[PDB]
Amino acid sequence: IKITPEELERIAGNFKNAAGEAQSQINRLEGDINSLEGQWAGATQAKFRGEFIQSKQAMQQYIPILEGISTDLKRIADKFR
Amino acid sequence: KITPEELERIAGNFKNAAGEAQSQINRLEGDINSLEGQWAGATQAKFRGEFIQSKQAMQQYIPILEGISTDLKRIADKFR
């Protein structure tokens, strides 16, 4: 087949949606973490130990992946110029 | 060992990385959009390459992004 700018616009929209949904969940999780700061004392610490481990591992590994995306897209956008 | 404070700074960098990705897709989409008016008269040949490349880049990363959402969502759900 052959690709039109209209076709890419549709895919781009899906990309924005996928990226925005990720942003959404990051904000949701950071809010959760943030709300714990005031009460990070006794039983609270033990209760959320697992979630904290999971959160650290996921966020840490997803950072450079996100950075690879923006780097790739930047270079491609640069090309269009 | 892990505090909400350290998770906060990590989360901050994560927000930044995702935000920068969203910035670049906005850039690229703006470029695509601008091509539509002069498309019919343009010479597609020299655009084919970057079209194919940009299509691949987006298509391969969309499901990765969605997976990230679903994973973070499950984690944030444990918080309820």
# chains A, B, ... in the order shown; residues from 1 in each chain; ligands from 1
>>> interface_residues(of="chain B", to="chain A", cutoff="6 Å", atoms="only C-alpha atoms", output="ChimeraX atom specification")
/B:4,14,17-18,21,24,28,32,62,65-66,69,72-73,76
>>> write_last_selection(atoms="N, CA and C atoms", output="tab-separated table (two decimals), in the first residue's frame")
chain	number	residue	atom	x	y	z
B	4	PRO	N	8.93	7.24	50.75
B	4	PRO	CA	8.09	7.95	49.78
B	4	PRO	C	8.86	9.09	49.11
B	14	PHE	N	10.17	10.34	36.03
B	14	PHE	CA	9.28	9.58	35.16
B	14	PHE	C	8.28	10.48	34.48
B	17	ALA	N	10.18	12.28	31.78
B	17	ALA	CA	10.48	11.46	30.61
B	17	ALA	C	9.23	11.24	29.76
B	18	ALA	N	8.10	11.00	30.40
B	18	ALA	CA	6.86	10.82	29.67
B	18	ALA	C	6.41	12.12	29.00
B	21	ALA	N	8.38	12.77	25.89
B	21	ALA	CA	7.90	11.91	24.82
B	21	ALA	C	6.63	12.49	24.19
B	24	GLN	N	7.52	15.43	21.94
B	24	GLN	CA	8.04	15.08	20.63
B	24	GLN	C	6.98	14.53	19.68
B	28	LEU	N	6.05	16.01	16.03
B	28	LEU	CA	5.97	15.18	14.83
B	28	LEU	C	4.59	15.24	14.19
B	32	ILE	N	3.39	16.42	10.40
B	32	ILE	CA	2.53	15.61	9.54
B	32	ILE	C	1.32	16.42	9.10
B	62	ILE	N	3.44	2.32	20.59
B	62	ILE	CA	2.08	2.37	21.14
B	62	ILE	C	1.82	1.22	22.12
B	65	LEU	N	3.72	1.63	25.35
B	65	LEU	CA	3.10	2.66	26.17
B	65	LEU	C	1.86	2.16	26.92
B	66	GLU	N	1.00	1.43	26.21
B	66	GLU	CA	-0.21	0.88	26.79
B	66	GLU	C	0.11	-0.13	27.89
B	69	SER	N	0.97	1.76	30.98
B	69	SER	CA	-0.25	2.20	31.65
B	69	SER	C	-0.89	1.09	32.47
B	72	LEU	N	1.35	0.18	35.64
B	72	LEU	CA	1.23	1.21	36.68
B	72	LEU	C	-0.16	1.24	37.29
B	73	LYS	N	-1.17	1.01	36.45
B	73	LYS	CA	-2.55	0.98	36.92
B	73	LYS	C	-2.76	-0.13	37.95
B	76	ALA	N	-1.04	0.97	41.22
B	76	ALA	CA	-1.82	2.01	41.88
B	76	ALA	C	-3.15	1.48	42.43
>>> decode(residues="region 3-80 of chain B", atoms="C-alpha atoms", output="JSON list (two decimals), in the first residue's frame")
[["chain", "number", "residue", "atom", "x", "y", "z"],
["B", 3, "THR", "CA", 10.95, 6.00, 51.36],
["B", 4, "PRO", "CA", 8.09, 7.95, 49.78],
["B", 5, "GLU", "CA", 10.65, 10.74, 49.26],
["B", 6, "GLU", "CA", 12.90, 8.66, 47.02],
["B", 7, "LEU", "CA", 9.88, 7.34, 45.13],
["B", 8, "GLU", "CA", 8.77, 10.94, 44.65],
["B", 9, "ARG", "CA", 12.00, 11.99, 42.95],
["B", 10, "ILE", "CA", 11.89, 8.87, 40.77],
["B", 11, "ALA", "CA", 8.27, 9.59, 39.91],
["B", 12, "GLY", "CA", 9.29, 13.17, 39.05],
["B", 13, "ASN", "CA", 11.87, 11.97, 36.55],
["B", 14, "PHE", "CA", 9.28, 9.58, 35.16],
["B", 15, "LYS", "CA", 6.80, 12.38, 34.67],
["B", 16, "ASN", "CA", 9.52, 14.33, 32.91],
["B", 17, "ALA", "CA", 10.48, 11.46, 30.61],
["B", 18, "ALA", "CA", 6.86, 10.82, 29.67],
["B", 19, "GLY", "CA", 6.25, 14.54, 29.19],
["B", 20, "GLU", "CA", 9.20, 14.86, 26.84],
["B", 21, "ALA", "CA", 7.90, 11.91, 24.82],
["B", 22, "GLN", "CA", 4.47, 13.56, 24.58],
["B", 23, "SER", "CA", 6.25, 16.78, 23.50],
["B", 24, "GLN", "CA", 8.04, 15.08, 20.63],
["B", 25, "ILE", "CA", 4.93, 13.29, 19.36],
["B", 26, "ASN", "CA", 3.20, 16.68, 19.36],
["B", 27, "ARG", "CA", 6.09, 18.07, 17.29],
["B", 28, "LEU", "CA", 5.97, 15.18, 14.83],
["B", 29, "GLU", "CA", 2.18, 15.30, 14.50],
["B", 30, "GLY", "CA", 2.36, 19.04, 13.83],
["B", 31, "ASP", "CA", 4.79, 18.30, 11.02],
["B", 32, "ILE", "CA", 2.53, 15.61, 9.54],
["B", 33, "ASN", "CA", -0.51, 17.86, 9.81],
["B", 34, "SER", "CA", 1.24, 20.70, 7.97],
["B", 35, "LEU", "CA", 1.91, 18.43, 5.00],
["B", 36, "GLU", "CA", -1.76, 17.83, 4.26],
["B", 37, "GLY", "CA", -2.51, 21.10, 2.47],
["B", 38, "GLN", "CA", 0.31, 20.82, -0.06],
["B", 39, "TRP", "CA", 0.20, 17.03, -0.25],
["B", 40, "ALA", "CA", -1.64, 16.50, -3.55],
["B", 41, "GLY", "CA", 0.90, 18.58, -5.46],
["B", 42, "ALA", "CA", 3.94, 17.35, -3.57],
["B", 43, "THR", "CA", 6.28, 14.64, -4.80],
["B", 44, "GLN", "CA", 5.55, 11.69, -2.49],
["B", 45, "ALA", "CA", 8.77, 9.88, -3.39],
["B", 46, "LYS", "CA", 11.04, 11.82, -1.06],
["B", 47, "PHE", "CA", 8.50, 11.49, 1.76],
["B", 48, "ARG", "CA", 7.98, 7.72, 1.47],
["B", 49, "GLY", "CA", 11.06, 6.87, 3.53],
["B", 50, "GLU", "CA", 10.30, 9.09, 6.53],
["B", 51, "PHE", "CA", 6.62, 8.13, 6.38],
["B", 52, "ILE", "CA", 7.47, 4.43, 6.59],
["B", 53, "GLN", "CA", 9.99, 5.13, 9.36],
["B", 54, "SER", "CA", 7.62, 7.30, 11.40],
["B", 55, "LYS", "CA", 4.80, 4.79, 10.96],
["B", 56, "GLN", "CA", 7.06, 2.04, 12.31],
["B", 57, "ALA", "CA", 8.29, 4.14, 15.25],
["B", 58, "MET", "CA", 4.76, 4.96, 16.39],
["B", 59, "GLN", "CA", 3.26, 1.53, 15.79],
["B", 60, "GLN", "CA", 6.02, -0.27, 17.69],
["B", 61, "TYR", "CA", 5.86, 2.05, 20.72],
["B", 62, "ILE", "CA", 2.08, 2.37, 21.14],
["B", 63, "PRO", "CA", 1.70, -1.11, 22.66],
["B", 64, "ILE", "CA", 4.73, -0.52, 24.88],
["B", 65, "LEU", "CA", 3.10, 2.66, 26.17],
["B", 66, "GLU", "CA", -0.21, 0.88, 26.79],
["B", 67, "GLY", "CA", 1.61, -1.86, 28.68],
["B", 68, "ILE", "CA", 3.18, 0.77, 30.87],
["B", 69, "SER", "CA", -0.25, 2.20, 31.65],
["B", 70, "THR", "CA", -1.69, -1.20, 32.54],
["B", 71, "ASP", "CA", 1.26, -2.09, 34.76],
["B", 72, "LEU", "CA", 1.23, 1.21, 36.68],
["B", 73, "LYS", "CA", -2.55, 0.98, 36.92],
["B", 74, "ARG", "CA", -2.34, -2.43, 38.60],
["B", 75, "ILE", "CA", 0.22, -1.09, 41.07],
["B", 76, "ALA", "CA", -1.82, 2.01, 41.88],
["B", 77, "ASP", "CA", -4.86, -0.25, 42.33],
["B", 78, "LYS", "CA", -3.12, -2.08, 45.17],
["B", 79, "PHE", "CA", -3.14, 1.27, 46.88],
["B", 80, "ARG", "CA", -6.93, 1.38, 47.17]]
